[PDB]
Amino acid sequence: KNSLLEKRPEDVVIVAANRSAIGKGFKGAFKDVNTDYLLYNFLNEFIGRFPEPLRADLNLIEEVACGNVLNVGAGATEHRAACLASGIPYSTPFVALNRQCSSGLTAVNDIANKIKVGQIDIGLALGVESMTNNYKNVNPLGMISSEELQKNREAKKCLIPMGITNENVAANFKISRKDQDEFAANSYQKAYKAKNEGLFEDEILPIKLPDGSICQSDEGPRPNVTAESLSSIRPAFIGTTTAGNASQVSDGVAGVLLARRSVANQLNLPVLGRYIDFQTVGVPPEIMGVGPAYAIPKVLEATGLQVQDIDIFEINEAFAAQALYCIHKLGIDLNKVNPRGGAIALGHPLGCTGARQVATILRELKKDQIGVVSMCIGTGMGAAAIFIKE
């Protein structure tokens, strides 16, 4: 702990971290634009809000890693194109990564390890998803081509709809609908509330739409949500899982600029916080929602921290059931989890979430406080990273 708290020149620090507002998939803010447009417009704003010495030499950025789940090729061609257009020079390399729901956080881990091994000094981690425009790339009949794989016992599990996996968790550890709806309404309340106080204002960057409008306020949170109001809601997969209690389908983008500390100090770049560690573990795909239950304990153990050492937890709300289970299995103080609201209220744009949670967390922690970002991952995994506010 105290040693974690010490600042070292080799630390991987966060210089800037921002997100666009999250538009509702299909009918929301970003429905008529794709990931290439989100990313370009987002970077234009992000780069503007970067520190002078950087805006003036984007060549100092040595790698761009961008998480994306639904585009062909995870969007590498169009995203590199968009970074090129925003002014990040051709000389800066680009890599697309897809680790499903955690892609945006996995991008932060990629740039952090590159800085740690000396491969680069400064790098950009991004996350972007347009579920509205790419939801369709996924063949409703599953993405496994082979007959035998399709009939293979293990392989087949990567075919269980995420919703059903959440039904397994609820059923399995007996998770009540009331429990789920209360969690959900609770989520809506804190989001709406934090949204109204402008708590997101620092983190959000506006994106003007082609047709001139401008999106800068999260679309999902509403005021007045309650457990019984959510109780009207029908089951969406089979069934305690309903639209009211699952993350909303959305569109968004987010980014985190990272550097070694001694380098940022040399360039005199402001440091908002630092990355401490990241770990991933696989879990049975049929109950993928329990990923954080195993990933959180892994990263705490690797860093020698305990739950009670964490001030804030940003555990993605893929669905109420899964979130509940993890909070509960680990013994986390409810009031510490997603205190400005979660994906149930805010929305879950697949590849963007991991980085988006990083932008969120930094405004929720005070100086010297420690936070964890974690999420379950389709196909059976969990990821968790720890950060310290500077």
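Sequential numbering from 1, following the sequence displayed.
Deposited residues omitted from coordinates between residue 155 and residue 156, as a class:
The entry has no gap there; residue 155 and residue 156 are joined directly.
Tell me which stretch, 74-82 or 302-310, has the higher mean Cα B-factor listed in the entry.
The entry gives the higher C-alpha B-factor average to 302-310.
When the C-alpha temperature factors are averaged for each of 170-178 and 105-113, which stretch ends up with the higher value in the entry?
Taking the mean C-alpha B-factor of 170-178 and of 105-113, the larger value falls to 170-178.
Whose C-alpha has the highest temperature factor in the PDB entry: 293, 287, 138, 215?
Of 293, 287, 138, 215, 215 has the highest C-alpha B-factor.
Whose CA atom has the top B-factor in the entry, of 49, 363, 31, 356?
Among 49, 363, 31, 356, the PDB entry lists the largest C-alpha B-factor for 49.
What third of its chain, lowest, middle or highest, does the C-alpha temperature factor of residue 21 fall into?
As the PDB entry reports it, the C-alpha B-factor of residue 21 lands in the highest third of its chain.
Residue 36's Cα B-factor: lowest, middle or highest third of the chain?
For residue 36, the deposited C-alpha B-factor lands in the lowest third.
Split into thirds by Cα B-factor across the chain's modelled residues, where does residue 92 land: lowest, middle or highest?
Its C-alpha B-factor belongs to the middle third of this chain's values.
Residue 189 - which third its CA temperature factor falls in, relative to the rest of the chain:
Highest third of the chain for residue 189's C-alpha B-factor.
Third of the chain's Cα B-factor distribution that residue 333 belongs to, per the entry
As the PDB entry reports it, the C-alpha B-factor of residue 333 lands in the highest third of its chain.
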